[PDB]
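Engineer: File final.cif below, mmCIF, C-alpha atoms and all ligand atoms:
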```
data_protein
#
loop_
_atom_site.group_PDB
_atom_site.id
_atom_site.type_symbol
_atom_site.label_atom_id
_atom_site.label_comp_id
_atom_site.auth_asym_id
_atom_site.auth_seq_id
_atom_site.Cartn_x
_atom_site.Cartn_y
_atom_site.Cartn_z
ATOM 1 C CA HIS A 1052 7.718 -27.282 -2.798
ATOM 2 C CA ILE A 1053 9.230 -25.688 0.305
ATOM 3 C CA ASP A 1054 10.783 -27.704 3.137
ATOM 4 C CA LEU A 1055 10.672 -26.104 6.586
ATOM 5 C CA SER A 1056 13.968 -27.707 7.603
ATOM 6 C CA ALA A 1057 15.791 -25.502 5.096
ATOM 7 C CA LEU A 1058 14.520 -22.286 6.683
ATOM 8 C CA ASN A 1059 15.996 -20.462 9.672
ATOM 9 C CA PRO A 1060 14.550 -21.957 12.895
ATOM 10 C CA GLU A 1061 13.838 -18.524 14.374
ATOM 11 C CA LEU A 1062 11.798 -17.702 11.274
ATOM 12 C CA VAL A 1063 10.006 -21.054 11.465
ATOM 13 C CA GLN A 1064 8.937 -20.391 15.065
ATOM 14 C CA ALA A 1065 7.605 -16.962 14.105
ATOM 15 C CA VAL A 1066 5.645 -18.476 11.226
ATOM 16 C CA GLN A 1067 4.318 -21.272 13.439
ATOM 17 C CA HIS A 1068 2.634 -18.599 15.570
ATOM 18 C CA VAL A 1069 0.170 -17.997 12.733
ATOM 19 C CA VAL A 1070 -0.038 -21.289 10.841
ATOM 20 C CA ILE A 1071 -3.324 -22.326 9.232
ATOM 21 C CA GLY A 1072 -3.815 -26.017 8.525
ATOM 22 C CA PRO A 1073 -4.748 -26.963 4.931
ATOM 23 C CA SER A 1074 -7.974 -28.608 6.105
ATOM 24 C CA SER A 1075 -9.102 -25.236 7.487
ATOM 25 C CA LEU A 1076 -8.678 -23.373 4.197
ATOM 26 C CA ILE A 1077 -10.669 -23.647 0.984
ATOM 27 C CA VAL A 1078 -9.258 -21.710 -1.967
ATOM 28 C CA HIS A 1079 -11.255 -20.878 -5.084
ATOM 29 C CA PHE A 1080 -8.581 -20.956 -7.766
ATOM 30 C CA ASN A 1081 -11.155 -20.101 -10.436
ATOM 31 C CA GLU A 1082 -11.910 -16.812 -8.680
ATOM 32 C CA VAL A 1083 -8.982 -14.431 -9.144
ATOM 33 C CA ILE A 1084 -9.428 -11.116 -7.346
ATOM 34 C CA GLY A 1085 -5.923 -9.778 -7.809
ATOM 35 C CA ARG A 1086 -2.734 -10.319 -9.781
ATOM 36 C CA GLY A 1087 0.753 -9.797 -8.410
ATOM 37 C CA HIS A 1088 4.291 -10.637 -9.474
ATOM 38 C CA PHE A 1089 4.660 -13.304 -6.768
ATOM 39 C CA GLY A 1090 1.260 -14.840 -7.451
ATOM 40 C CA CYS A 1091 -2.466 -14.138 -7.740
ATOM 41 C CA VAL A 1092 -5.014 -13.355 -5.034
ATOM 42 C CA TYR A 1093 -8.011 -15.694 -4.789
ATOM 43 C CA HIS A 1094 -11.339 -15.836 -3.001
ATOM 44 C CA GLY A 1095 -11.021 -18.208 -0.060
ATOM 45 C CA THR A 1096 -12.957 -19.540 2.897
ATOM 46 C CA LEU A 1097 -11.293 -19.968 6.285
ATOM 47 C CA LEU A 1098 -12.870 -22.387 8.754
ATOM 48 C CA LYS A 1103 -17.598 -21.387 11.058
ATOM 49 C CA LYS A 1104 -16.789 -20.009 7.605
ATOM 50 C CA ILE A 1105 -14.870 -16.756 7.153
ATOM 51 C CA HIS A 1106 -14.554 -15.142 3.726
ATOM 52 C CA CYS A 1107 -10.887 -14.321 3.121
ATOM 53 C CA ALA A 1108 -8.368 -13.322 0.457
ATOM 54 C CA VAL A 1109 -5.656 -15.874 -0.258
ATOM 55 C CA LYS A 1110 -2.407 -14.499 -1.676
ATOM 56 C CA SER A 1111 -0.298 -17.006 -3.603
ATOM 57 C CA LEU A 1112 3.496 -16.842 -3.528
ATOM 58 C CA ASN A 1113 3.923 -19.710 -5.985
ATOM 59 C CA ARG A 1114 6.031 -17.638 -8.387
ATOM 60 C CA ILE A 1115 8.672 -17.552 -5.647
ATOM 61 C CA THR A 1116 10.293 -20.987 -5.842
ATOM 62 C CA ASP A 1117 13.802 -20.300 -4.547
ATOM 63 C CA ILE A 1118 14.265 -21.021 -0.847
ATOM 64 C CA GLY A 1119 16.483 -17.990 -0.376
ATOM 65 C CA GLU A 1120 13.787 -15.724 -1.779
ATOM 66 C CA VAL A 1121 10.994 -17.377 0.222
ATOM 67 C CA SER A 1122 13.046 -16.974 3.392
ATOM 68 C CA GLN A 1123 13.795 -13.321 2.666
ATOM 69 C CA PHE A 1124 10.157 -12.534 1.882
ATOM 70 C CA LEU A 1125 8.845 -14.267 5.014
ATOM 71 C CA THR A 1126 11.555 -12.693 7.159
ATOM 72 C CA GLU A 1127 10.688 -9.192 5.964
ATOM 73 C CA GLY A 1128 6.943 -9.680 6.233
ATOM 74 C CA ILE A 1129 6.287 -11.775 9.329
ATOM 75 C CA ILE A 1130 6.368 -8.700 11.609
ATOM 76 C CA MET A 1131 2.901 -8.076 10.148
ATOM 77 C CA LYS A 1132 1.521 -10.527 12.721
ATOM 78 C CA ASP A 1133 2.566 -8.122 15.485
ATOM 79 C CA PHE A 1134 0.608 -5.138 14.139
ATOM 80 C CA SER A 1135 -2.955 -4.325 15.176
ATOM 81 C CA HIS A 1136 -4.725 -1.125 14.125
ATOM 82 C CA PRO A 1137 -8.126 -0.466 12.479
ATOM 83 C CA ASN A 1138 -6.500 1.275 9.509
ATOM 84 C CA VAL A 1139 -3.784 -1.318 8.878
ATOM 85 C CA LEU A 1140 -4.391 -4.599 7.038
ATOM 86 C CA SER A 1141 -4.129 -7.547 9.422
ATOM 87 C CA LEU A 1142 -2.783 -11.050 8.841
ATOM 88 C CA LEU A 1143 -5.142 -13.991 9.374
ATOM 89 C CA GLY A 1144 -2.350 -16.510 8.944
ATOM 90 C CA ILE A 1145 -0.075 -18.567 6.716
ATOM 91 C CA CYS A 1146 -1.010 -21.920 5.193
ATOM 92 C CA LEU A 1147 1.979 -24.242 4.910
ATOM 93 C CA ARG A 1148 1.593 -27.381 2.809
ATOM 94 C CA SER A 1149 3.654 -30.190 1.290
ATOM 95 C CA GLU A 1150 3.374 -28.843 -2.257
ATOM 96 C CA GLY A 1151 3.784 -25.215 -3.280
ATOM 97 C CA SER A 1152 4.970 -22.025 -1.604
ATOM 98 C CA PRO A 1153 3.167 -20.752 1.518
ATOM 99 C CA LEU A 1154 -0.263 -19.185 1.060
ATOM 100 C CA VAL A 1155 -0.843 -15.880 2.838
ATOM 101 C CA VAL A 1156 -4.347 -15.493 4.242
ATOM 102 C CA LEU A 1157 -5.690 -11.959 4.663
ATOM 103 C CA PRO A 1158 -9.059 -10.442 5.592
ATOM 104 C CA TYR A 1159 -11.306 -10.026 2.563
ATOM 105 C CA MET A 1160 -11.846 -6.397 1.597
ATOM 106 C CA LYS A 1161 -15.379 -6.221 0.224
ATOM 107 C CA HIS A 1162 -14.936 -2.857 -1.468
ATOM 108 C CA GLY A 1163 -11.573 -3.499 -3.088
ATOM 109 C CA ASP A 1164 -8.746 -1.010 -3.440
ATOM 110 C CA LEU A 1165 -9.222 2.666 -2.695
ATOM 111 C CA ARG A 1166 -8.227 3.884 -6.150
ATOM 112 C CA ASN A 1167 -10.788 1.817 -8.029
ATOM 113 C CA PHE A 1168 -13.392 2.691 -5.411
ATOM 114 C CA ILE A 1169 -13.069 6.425 -5.990
ATOM 115 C CA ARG A 1170 -12.743 6.075 -9.772
ATOM 116 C CA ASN A 1171 -16.074 4.213 -9.885
ATOM 117 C CA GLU A 1172 -18.514 6.635 -11.485
ATOM 118 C CA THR A 1173 -21.550 5.294 -9.611
ATOM 119 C CA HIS A 1174 -19.873 5.933 -6.246
ATOM 120 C CA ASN A 1175 -19.118 9.618 -6.854
ATOM 121 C CA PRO A 1176 -17.542 10.176 -3.417
ATOM 122 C CA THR A 1177 -17.871 13.745 -2.135
ATOM 123 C CA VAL A 1178 -14.998 15.948 -1.022
ATOM 124 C CA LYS A 1179 -15.941 15.126 2.565
ATOM 125 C CA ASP A 1180 -15.906 11.384 1.774
ATOM 126 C CA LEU A 1181 -12.485 11.672 0.158
ATOM 127 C CA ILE A 1182 -10.905 13.712 2.938
ATOM 128 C CA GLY A 1183 -12.327 11.201 5.399
ATOM 129 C CA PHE A 1184 -10.559 8.371 3.554
ATOM 130 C CA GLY A 1185 -7.331 10.367 3.632
ATOM 131 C CA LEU A 1186 -7.655 10.877 7.377
ATOM 132 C CA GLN A 1187 -8.053 7.120 7.845
ATOM 133 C CA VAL A 1188 -4.888 6.463 5.838
ATOM 134 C CA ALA A 1189 -3.032 9.049 7.918
ATOM 135 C CA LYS A 1190 -4.064 7.234 11.107
ATOM 136 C CA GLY A 1191 -2.892 3.896 9.730
ATOM 137 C CA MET A 1192 0.462 5.391 8.755
ATOM 138 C CA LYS A 1193 0.784 7.103 12.138
ATOM 139 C CA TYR A 1194 0.580 3.628 13.670
ATOM 140 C CA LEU A 1195 3.117 2.046 11.321
ATOM 141 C CA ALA A 1196 5.505 4.970 11.801
ATOM 142 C CA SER A 1197 5.245 4.496 15.575
ATOM 143 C CA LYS A 1198 6.441 0.916 15.052
ATOM 144 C CA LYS A 1199 9.328 2.287 12.979
ATOM 145 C CA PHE A 1200 7.918 0.459 9.952
ATOM 146 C CA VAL A 1201 8.616 2.049 6.564
ATOM 147 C CA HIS A 1202 6.019 1.148 3.954
ATOM 148 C CA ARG A 1203 7.846 2.155 0.742
ATOM 149 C CA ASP A 1204 4.828 1.841 -1.577
ATOM 150 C CA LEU A 1205 2.017 3.977 -0.178
ATOM 151 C CA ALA A 1206 -0.479 4.848 -2.933
ATOM 152 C CA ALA A 1207 -4.261 4.795 -3.364
ATOM 153 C CA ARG A 1208 -4.025 1.504 -5.292
ATOM 154 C CA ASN A 1209 -2.431 -0.053 -2.204
ATOM 155 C CA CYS A 1210 -5.067 0.860 0.347
ATOM 156 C CA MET A 1211 -8.272 -1.140 0.653
ATOM 157 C CA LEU A 1212 -11.814 -0.684 1.961
ATOM 158 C CA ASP A 1213 -13.642 -3.272 4.048
ATOM 159 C CA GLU A 1214 -17.384 -3.871 4.375
ATOM 160 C CA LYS A 1215 -17.780 -0.967 6.815
ATOM 161 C CA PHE A 1216 -15.813 1.419 4.574
ATOM 162 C CA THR A 1217 -12.857 1.370 6.931
ATOM 163 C CA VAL A 1218 -9.661 2.064 4.970
ATOM 164 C CA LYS A 1219 -6.794 -0.381 5.489
ATOM 165 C CA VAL A 1220 -3.224 0.511 4.556
ATOM 166 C CA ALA A 1221 -2.215 -2.623 2.648
ATOM 167 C CA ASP A 1222 0.437 -3.979 0.272
ATOM 168 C CA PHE A 1223 3.058 -4.448 2.979
ATOM 169 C CA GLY A 1224 4.657 -7.332 4.823
ATOM 170 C CA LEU A 1225 3.388 -10.680 3.582
ATOM 171 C CA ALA A 1226 0.882 -8.903 1.337
ATOM 172 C CA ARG A 1227 3.623 -6.982 -0.485
ATOM 173 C CA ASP A 1228 3.591 -7.158 -4.282
ATOM 174 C CA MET A 1229 3.017 -5.137 -7.442
ATOM 175 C CA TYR A 1230 -0.725 -5.253 -8.092
ATOM 176 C CA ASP A 1231 -0.773 -2.775 -10.991
ATOM 177 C CA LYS A 1232 2.374 -2.965 -13.096
ATOM 178 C CA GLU A 1233 1.542 0.168 -15.092
ATOM 179 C CA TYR A 1234 2.803 2.379 -12.273
ATOM 180 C CA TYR A 1235 6.189 0.781 -11.660
ATOM 181 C CA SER A 1236 9.247 1.648 -13.742
ATOM 182 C CA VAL A 1237 12.848 0.445 -13.922
ATOM 183 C CA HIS A 1238 13.967 3.967 -14.899
ATOM 184 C CA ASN A 1239 15.677 4.648 -11.567
ATOM 185 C CA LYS A 1240 19.063 4.109 -9.894
ATOM 186 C CA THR A 1241 18.220 0.633 -8.572
ATOM 187 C CA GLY A 1242 17.130 -0.808 -11.903
ATOM 188 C CA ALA A 1243 14.239 -2.528 -10.147
ATOM 189 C CA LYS A 1244 10.557 -1.850 -10.817
ATOM 190 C CA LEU A 1245 9.704 1.038 -8.488
ATOM 191 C CA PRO A 1246 6.734 3.417 -8.076
ATOM 192 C CA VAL A 1247 8.838 6.360 -9.172
ATOM 193 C CA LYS A 1248 5.945 8.838 -9.392
ATOM 194 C CA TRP A 1249 5.141 8.258 -5.720
ATOM 195 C CA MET A 1250 8.753 8.405 -4.498
ATOM 196 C CA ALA A 1251 10.392 11.239 -2.571
ATOM 197 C CA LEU A 1252 13.105 13.181 -4.386
ATOM 198 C CA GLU A 1253 15.809 11.922 -2.028
ATOM 199 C CA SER A 1254 14.743 8.307 -2.561
ATOM 200 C CA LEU A 1255 15.156 8.775 -6.313
ATOM 201 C CA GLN A 1256 18.620 10.205 -5.617
ATOM 202 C CA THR A 1257 19.922 7.977 -2.816
ATOM 203 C CA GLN A 1258 17.792 4.827 -3.144
ATOM 204 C CA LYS A 1259 16.903 5.063 0.549
ATOM 205 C CA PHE A 1260 13.405 4.987 2.057
ATOM 206 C CA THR A 1261 12.299 6.478 5.385
ATOM 207 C CA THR A 1262 9.120 7.412 7.220
ATOM 208 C CA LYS A 1263 9.635 10.892 5.769
ATOM 209 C CA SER A 1264 9.567 9.461 2.248
ATOM 210 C CA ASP A 1265 6.339 7.675 3.214
ATOM 211 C CA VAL A 1266 5.053 11.152 4.077
ATOM 212 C CA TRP A 1267 5.920 12.290 0.541
ATOM 213 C CA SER A 1268 3.992 9.338 -0.881
ATOM 214 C CA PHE A 1269 1.050 10.153 1.383
ATOM 215 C CA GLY A 1270 0.922 13.612 -0.147
ATOM 216 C CA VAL A 1271 0.638 12.021 -3.580
ATOM 217 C CA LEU A 1272 -2.105 9.745 -2.213
ATOM 218 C CA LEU A 1273 -4.009 12.824 -1.003
ATOM 219 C CA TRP A 1274 -3.744 14.253 -4.517
ATOM 220 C CA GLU A 1275 -5.070 10.969 -5.925
ATOM 221 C CA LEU A 1276 -8.023 11.193 -3.556
ATOM 222 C CA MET A 1277 -8.867 14.784 -4.528
ATOM 223 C CA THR A 1278 -8.752 13.926 -8.230
ATOM 224 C CA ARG A 1279 -10.817 10.773 -7.697
ATOM 225 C CA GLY A 1280 -7.983 8.581 -8.878
ATOM 226 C CA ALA A 1281 -6.289 10.476 -11.686
ATOM 227 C CA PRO A 1282 -2.774 9.223 -12.505
ATOM 228 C CA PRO A 1283 -0.096 11.626 -11.192
ATOM 229 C CA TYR A 1284 2.137 13.509 -13.661
ATOM 230 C CA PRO A 1285 0.549 11.972 -16.790
ATOM 231 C CA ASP A 1286 2.602 14.412 -18.871
ATOM 232 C CA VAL A 1287 5.948 13.683 -17.214
ATOM 233 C CA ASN A 1288 7.975 10.766 -18.589
ATOM 234 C CA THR A 1289 9.482 8.352 -16.067
ATOM 235 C CA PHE A 1290 12.847 9.523 -17.434
ATOM 236 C CA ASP A 1291 12.049 13.046 -16.237
ATOM 237 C CA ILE A 1292 10.520 12.673 -12.784
ATOM 238 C CA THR A 1293 13.744 13.379 -10.878
ATOM 239 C CA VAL A 1294 14.645 16.568 -12.770
ATOM 240 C CA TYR A 1295 11.011 17.723 -12.608
ATOM 241 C CA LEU A 1296 11.153 17.578 -8.811
ATOM 242 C CA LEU A 1297 14.667 19.048 -8.644
ATOM 243 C CA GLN A 1298 13.317 22.100 -10.460
ATOM 244 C CA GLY A 1299 10.858 22.550 -7.602
ATOM 245 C CA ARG A 1300 7.855 21.515 -9.679
ATOM 246 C CA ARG A 1301 5.010 19.655 -7.967
ATOM 247 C CA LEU A 1302 1.551 18.225 -8.592
ATOM 248 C CA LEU A 1303 -0.972 21.009 -9.205
ATOM 249 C CA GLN A 1304 -3.945 21.721 -6.955
ATOM 250 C CA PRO A 1305 -6.996 19.623 -7.887
ATOM 251 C CA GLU A 1306 -10.164 21.540 -8.781
ATOM 252 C CA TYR A 1307 -12.101 20.301 -5.758
ATOM 253 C CA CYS A 1308 -9.214 20.258 -3.294
ATOM 254 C CA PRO A 1309 -9.634 22.767 -0.430
ATOM 255 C CA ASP A 1310 -6.799 25.300 -0.249
ATOM 256 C CA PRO A 1311 -5.731 24.142 3.224
ATOM 257 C CA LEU A 1312 -5.487 20.529 2.047
ATOM 258 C CA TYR A 1313 -3.283 21.522 -0.879
ATOM 259 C CA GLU A 1314 -1.034 23.298 1.613
ATOM 260 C CA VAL A 1315 -0.783 19.969 3.439
ATOM 261 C CA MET A 1316 0.188 18.244 0.182
ATOM 262 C CA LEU A 1317 2.909 20.808 -0.500
ATOM 263 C CA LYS A 1318 4.302 20.328 3.016
ATOM 264 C CA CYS A 1319 4.567 16.593 2.317
ATOM 265 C CA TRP A 1320 6.724 17.346 -0.726
ATOM 266 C CA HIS A 1321 9.230 19.683 0.925
ATOM 267 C CA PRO A 1322 12.662 18.930 -0.581
ATOM 268 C CA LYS A 1323 14.127 18.656 2.924
ATOM 269 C CA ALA A 1324 12.815 15.456 4.512
ATOM 270 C CA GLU A 1325 13.192 16.741 8.075
ATOM 271 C CA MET A 1326 10.926 19.703 7.265
ATOM 272 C CA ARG A 1327 7.981 17.517 6.291
ATOM 273 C CA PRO A 1328 5.178 16.862 8.801
ATOM 274 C CA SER A 1329 5.024 13.685 10.870
ATOM 275 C CA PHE A 1330 2.002 11.448 10.404
ATOM 276 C CA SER A 1331 0.869 12.552 13.866
ATOM 277 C CA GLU A 1332 0.866 16.149 12.616
ATOM 278 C CA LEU A 1333 -0.926 15.075 9.439
ATOM 279 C CA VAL A 1334 -3.716 13.444 11.443
ATOM 280 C CA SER A 1335 -4.152 16.664 13.430
ATOM 281 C CA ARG A 1336 -4.156 18.913 10.358
ATOM 282 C CA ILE A 1337 -6.434 16.742 8.236
ATOM 283 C CA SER A 1338 -8.825 16.129 11.134
ATOM 284 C CA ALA A 1339 -9.346 19.887 11.430
ATOM 285 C CA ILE A 1340 -9.945 20.255 7.694
ATOM 286 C CA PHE A 1341 -12.317 17.278 7.746
ATOM 287 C CA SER A 1342 -14.249 18.817 10.642
ATOM 288 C CA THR A 1343 -15.115 21.912 8.601
ATOM 289 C CA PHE A 1344 -17.178 19.599 6.402
HETATM 290 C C1 LIG B 1 -7.446 -4.864 -6.167
HETATM 291 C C2 LIG B 1 -6.416 -5.638 -5.348
HETATM 292 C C3 LIG B 1 -5.741 -6.699 -6.203
HETATM 293 N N1 LIG B 1 -5.407 -4.712 -4.836
HETATM 294 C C4 LIG B 1 -4.679 -4.911 -3.677
HETATM 295 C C5 LIG B 1 -3.841 -3.750 -3.174
HETATM 296 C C6 LIG B 1 -3.115 -3.910 -2.042
HETATM 297 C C7 LIG B 1 -3.153 -5.152 -1.354
HETATM 298 N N2 LIG B 1 -2.575 -5.598 -0.263
HETATM 299 N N3 LIG B 1 -2.990 -6.901 -0.074
HETATM 300 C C8 LIG B 1 -3.814 -7.223 -1.057
HETATM 301 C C9 LIG B 1 -4.516 -8.531 -1.278
HETATM 302 C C10 LIG B 1 -3.652 -9.710 -0.821
HETATM 303 C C11 LIG B 1 -5.865 -8.522 -0.580
HETATM 304 C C12 LIG B 1 -6.131 -8.580 0.790
HETATM 305 N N4 LIG B 1 -7.487 -8.545 0.990
HETATM 306 C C13 LIG B 1 -8.117 -8.464 -0.216
HETATM 307 N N5 LIG B 1 -9.471 -8.411 -0.395
HETATM 308 C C14 LIG B 1 -9.867 -8.333 -1.713
HETATM 309 C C15 LIG B 1 -8.997 -8.308 -2.823
HETATM 310 C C16 LIG B 1 -7.600 -8.367 -2.575
HETATM 311 C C17 LIG B 1 -7.135 -8.448 -1.224
HETATM 312 N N6 LIG B 1 -3.948 -6.144 -1.897
HETATM 313 N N7 LIG B 1 -4.711 -6.071 -3.029
#
```
Hey, can you dump this file as structure tokens for me?

Structural biologist:
Amino acid sequence: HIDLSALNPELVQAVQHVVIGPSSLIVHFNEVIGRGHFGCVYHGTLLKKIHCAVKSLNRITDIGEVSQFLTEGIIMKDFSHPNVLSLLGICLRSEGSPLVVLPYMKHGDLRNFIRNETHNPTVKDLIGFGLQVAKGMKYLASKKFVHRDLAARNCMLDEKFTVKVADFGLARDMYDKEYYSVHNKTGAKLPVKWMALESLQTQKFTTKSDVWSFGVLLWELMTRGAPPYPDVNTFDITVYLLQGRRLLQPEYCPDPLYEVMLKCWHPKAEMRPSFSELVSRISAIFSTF
């Protein structure tokens, strides 16, 4: 039960730009389509009926935490790009934490999509998906927005097979707990096997550490969703990288694309490509297919 009067008025105004009235939203609480730490995701209908995904934040009961989460995520309403998940709105009600309403992604998350044996995406398909992610990240980087959890599990595919960079802003959560570990300097659950070396060392995230994560995402694509470093313990990821060791080239990964991956994992952040450069390089590789 969250009272608006307790929240910062500036934040309230920002939220009121995208409010959805309860009478306009039907949530199917018997139809769970995702599970996060802050709450589940449910099938919903937004009223003319629009199929949507409704993200619950009910596990966040403290007003300080609700305020922080909304403050960090509301900028989402200001983003608009074909490869970035949009916000439909926020449903405020008398009982319960705010519901976040997002576009429904018919084809689910990118990792499960490519792992699906009936799909059997080709190398061209997979590089195409990677190019789409690069374009979405190019946009976010241009807004000076650092994602911090880029991974194949956190991108989604809509009905037209357009890839949306997701799991950020008001949609931020941990949707697969297997890949987050507290074995890091912050003590919080972090995606350590997607993190840049300097993030593991300094606890800081930048666009250049997003580039590192993107390289891991490319590797995930080329392996059709294999888990990275299955043979490296979470205790050992930092030293593994310090020794200069990196993910190995996937069997069906083109040599030039592996070169792109290696560039993304340069130990010096400033030496890694920008997302603009990545779009250019991957577009050329894609075009050979
Ligand atoms: C498979 C699902 C649970 N994974 C993800 C990954 C990232 C992400 N970012 N937002 C969401 C949810 C809120 C979501 C938005 N649209 C959806 N369409 C279908 C299923 C889940 C969502 N996720 N979900």

Engineer: Any chance you could resolve the PyMOL selection byres (((chain A and resi 1132) around 9) and not hetatm) against this file and give the residues as a list in words?

Structural biologist: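 Here the PyMOL selection byres (((chain A and resi 1132) around 9) and not hetatm) matches residues 1065, 1068, 1069, 1128, 1129, 1130, 1131, 1133, 1134, 1135, 1141, 1142, 1143 and 1144 of chain A.
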
Engineer: Which is closer to ligand LIG 1 (chain B) than all the others in A:1290, A:1184, A:1267, A:1230, using all atoms listed in the file?

Structural biologist: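 Nearest candidate to ligand LIG 1 (chain B) out of A:1290, A:1184, A:1267, A:1230: A:1230.
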
Engineer: Near residue 1190 (chain A), counting all atoms listed in the file, which residues have an atom at most 9 Å away, once you skip same-chain residues fewer than 2 positions from it, shown as a list in words?

Structural biologist: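 In the requested form, the answer reads residues 1136, 1137, 1138, 1139, 1185, 1186, 1187, 1188, 1192, 1193, 1194, 1195, 1330, 1331, 1333 and 1334 of chain A.
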
Engineer: Go ahead and write the selection's residues with C-alpha atoms as a PDB file, keeping the file's coordinate frame.

Structural biologist:
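So out_39.pdb came out as:
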```pdb
ATOM      1  CA  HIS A1136      -4.725  -1.125  14.125  1.00  0.00           C
ATOM      2  CA  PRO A1137      -8.126  -0.466  12.479  1.00  0.00           C
ATOM      3  CA  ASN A1138      -6.500   1.275   9.509  1.00  0.00           C
ATOM      4  CA  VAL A1139      -3.784  -1.318   8.878  1.00  0.00           C
ATOM      5  CA  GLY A1185      -7.331  10.367   3.632  1.00  0.00           C
ATOM      6  CA  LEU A1186      -7.655  10.877   7.377  1.00  0.00           C
ATOM      7  CA  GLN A1187      -8.053   7.120   7.845  1.00  0.00           C
ATOM      8  CA  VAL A1188      -4.888   6.463   5.838  1.00  0.00           C
ATOM      9  CA  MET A1192       0.462   5.391   8.755  1.00  0.00           C
ATOM     10  CA  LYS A1193       0.784   7.103  12.138  1.00  0.00           C
ATOM     11  CA  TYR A1194       0.580   3.628  13.670  1.00  0.00           C
ATOM     12  CA  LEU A1195       3.117   2.046  11.321  1.00  0.00           C
ATOM     13  CA  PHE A1330       2.002  11.448  10.404  1.00  0.00           C
ATOM     14  CA  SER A1331       0.869  12.552  13.866  1.00  0.00           C
ATOM     15  CA  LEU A1333      -0.926  15.075   9.439  1.00  0.00           C
ATOM     16  CA  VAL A1334      -3.716  13.444  11.443  1.00  0.00           C
TER      17      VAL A1334
END
```

Engineer: Using the chain letters and numbers from the file, which residues does the PyMOL selection byres (((not hetatm)) within 6 of (chain B and resi 1)) grab, as a list in words?

Structural biologist: residues 1084, 1085, 1086, 1092, 1108, 1110, 1157, 1158, 1159, 1160, 1163, 1164, 1208, 1209, 1210, 1221, 1222, 1226 and 1230 of chain A

Engineer: Using the selection just defined, write its residues with C-alpha atoms as a PDB file, in the frame of the given file.

Structural biologist:
```pdb
ATOM      1  CA  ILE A1084      -9.428 -11.116  -7.346  1.00  0.00           C
ATOM      2  CA  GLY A1085      -5.923  -9.778  -7.809  1.00  0.00           C
ATOM      3  CA  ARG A1086      -2.734 -10.319  -9.781  1.00  0.00           C
ATOM      4  CA  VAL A1092      -5.014 -13.355  -5.034  1.00  0.00           C
ATOM      5  CA  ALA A1108      -8.368 -13.322   0.457  1.00  0.00           C
ATOM      6  CA  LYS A1110      -2.407 -14.499  -1.676  1.00  0.00           C
ATOM      7  CA  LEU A1157      -5.690 -11.959   4.663  1.00  0.00           C
ATOM      8  CA  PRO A1158      -9.059 -10.442   5.592  1.00  0.00           C
ATOM      9  CA  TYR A1159     -11.306 -10.026   2.563  1.00  0.00           C
ATOM     10  CA  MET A1160     -11.846  -6.397   1.597  1.00  0.00           C
ATOM     11  CA  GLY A1163     -11.573  -3.499  -3.088  1.00  0.00           C
ATOM     12  CA  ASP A1164      -8.746  -1.010  -3.440  1.00  0.00           C
ATOM     13  CA  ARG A1208      -4.025   1.504  -5.292  1.00  0.00           C
ATOM     14  CA  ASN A1209      -2.431  -0.053  -2.204  1.00  0.00           C
ATOM     15  CA  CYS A1210      -5.067   0.860   0.347  1.00  0.00           C
ATOM     16  CA  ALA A1221      -2.215  -2.623   2.648  1.00  0.00           C
ATOM     17  CA  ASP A1222       0.437  -3.979   0.272  1.00  0.00           C
ATOM     18  CA  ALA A1226       0.882  -8.903   1.337  1.00  0.00           C
ATOM     19  CA  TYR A1230      -0.725  -5.253  -8.092  1.00  0.00           C
TER      20      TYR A1230
END
```

Engineer: Work out how far apart CA of residue 1089 (chain A) and CA of residue 1105 (chain A) are and give it in Å to one decimal.

Structural biologist: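 According to the coordinates, CA of residue 1089 (chain A) and CA of residue 1105 (chain A) are separated by 24.2 Å.
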
Engineer: Let me know the residues the PyMOL selection byres (((chain A and resi 1323) around 12) and not hetatm) catches in the file above, as a PyMOL selection string.

Structural biologist: chain A and resi 1251-1254+1263-1264+1266-1267+1297+1299+1317-1322+1324-1328

Engineer: Pick out the closest residue to residue 1062 (chain A) from this set: A:1125, A:1182, A:1145, A:1250. Count only C-alpha atoms.

Structural biologist: A:1125

Engineer: Please write out, as AutoDock Vina command-line options, where the centre of an axis-aligned box around all listed atoms of region 1189-1193 of chain A lies and how long its edges are, in Å to one decimal, after adding 4 Å on each side.

Structural biologist:
```
--center_x -1.6 --center_y 6.5 --center_z 10.0 --size_x 12.8 --size_y 13.2 --size_z 12.2
```

Engineer: Measuring between all atoms listed in the file, which one of A:1053, A:1165, A:1083, A:1276 shows the shortest distance to residue 1181 (chain A)?

Structural biologist: A:1276

Engineer: Point out the residue among A:1169, A:1052, A:1097, A:1120 with the least atom-to-atom distance to residue 1150 (chain A), counting all atoms listed in the file.

Structural biologist: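 Closest to residue 1150 (chain A), using all atoms listed in the file: A:1052.
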
Engineer: Any idea what the distance is between CA of residue 1315 (chain A) and CA of residue 1180 (chain A)?

Structural biologist: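 For CA of residue 1315 (chain A) relative to CA of residue 1180 (chain A), the distance reads 17.5 Å.
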
Engineer: When distances are computed from all atoms listed in the file, which of A:1122, A:1335, A:1074, A:1113 shows the smallest separation from residue 1056 (chain A)?

Structural biologist: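 Nearest candidate to residue 1056 (chain A) out of A:1122, A:1335, A:1074, A:1113: A:1122.
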
Engineer: Which residue, A:1171, A:1075, A:1177, A:1236, has the smallest gap to residue 1288 (chain A) when you use all atoms listed in the file?

Structural biologist: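 Of all the options, A:1236 lies closest to residue 1288 (chain A).
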
Engineer: Just to confirm, what's the straight-line distance from CA of residue 1238 (chain A) to CA of residue 1261 (chain A) in Å (one decimal)?

Structural biologist: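 CA of residue 1261 (chain A) lies at a distance of 20.5 Å from CA of residue 1238 (chain A).
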
Engineer: Set the distance at 9 Å and use all atoms listed in the file: which residues neighbour residue 1072 (chain A) once local chain neighbours fewer than 5 positions away are removed? I'd like the list as a list in words.

Structural biologist: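 These residues fall inside the cut-off: residues 1145, 1146, 1147 and 1148 of chain A.
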